[PDB]
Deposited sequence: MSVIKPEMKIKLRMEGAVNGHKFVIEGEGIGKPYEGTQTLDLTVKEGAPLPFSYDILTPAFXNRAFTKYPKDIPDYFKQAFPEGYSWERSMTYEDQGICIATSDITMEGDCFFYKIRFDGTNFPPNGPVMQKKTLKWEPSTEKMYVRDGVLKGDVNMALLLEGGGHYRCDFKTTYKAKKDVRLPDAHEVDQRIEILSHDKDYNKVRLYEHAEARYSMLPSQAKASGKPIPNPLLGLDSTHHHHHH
């Protein structure tokens, strides 16, 4: 089912501090090597009054390098696909919730992303656009209630040094019954390779490989 090189196509719709936006994206990656690229075009709500980094983790764990001794909950979930529900709690009470229904047909992955954000302070790093990048991270994967849960202590480096903390909690739900893995970790690194003046156009890179402690 999952080809060694899979094309990506998506559409994110949402609101941050009540600001409606729509972002379409087309990308390409290698799911077995755990890397992928995505070119994102802001279709609606441009210019964005908030930092683009807060959207980057919502823009697919199928694009993870999985060893043999660790069942791949994500790749096994296909052709049908899976879906995820994510909460992202910032240290300044600014909170985001996101969802994605991931489907497939041919060599292309398809996503429908819903992202909602609120209670970000006007003079904070997000709304003032003071965020430079997400520090690299490790997501703790464990099975709960028959589905896969993931937790990651995220942190955005800011303009002028210092970090901006976020607590991520995700629930991955396979559309079919699959072999549930035993608890593991996912080392990740997401980075915006290139962008324009207001991030109307963005190239985004991700690298993630799963392992045991």
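- Sequence ranges 1-2, 62, 217-245 have no coordinates in this entry (deposited sequence, numbered from 1, C-alpha basis).
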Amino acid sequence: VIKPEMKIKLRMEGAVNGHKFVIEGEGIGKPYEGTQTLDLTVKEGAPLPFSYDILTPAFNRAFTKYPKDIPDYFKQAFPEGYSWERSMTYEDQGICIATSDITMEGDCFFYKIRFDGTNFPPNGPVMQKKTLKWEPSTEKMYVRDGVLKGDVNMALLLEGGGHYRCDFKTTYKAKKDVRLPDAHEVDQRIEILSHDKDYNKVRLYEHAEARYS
From here on, numbers count along this sequence of modelled residues.
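- Of the two stretches examined, 107-115 and 84-92, the record assigns the greater average C-alpha temperature factor to 107-115.
- Higher mean CA B-factor, judged across 40-48 and 142-150 from the recorded values: 40-48.
- The entry lists C-alpha B-factors for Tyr73, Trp134, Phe120, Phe78, and the highest of these is at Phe78.
- Residue set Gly34, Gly160, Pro57, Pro181: peak C-alpha B-factor at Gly160 (per PDB entry).
- In this PDB entry, the Cα temperature factor of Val186 sits in the bottom third of its chain's modelled residues, the lowest group.
- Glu5 sits in the highest third of its chain by CA B factor, as recorded in the PDB entry.
- In the PDB entry, a CA B factor belonging to the lowest third of its chain's modelled residues is recorded for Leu204.
- Ranked by C-alpha B-factor against the other modelled residues of its chain, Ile28 falls in the highest third.
- Compared with the other modelled residues of the chain, the Cα B-factor recorded for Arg61 ranks in the middle third.
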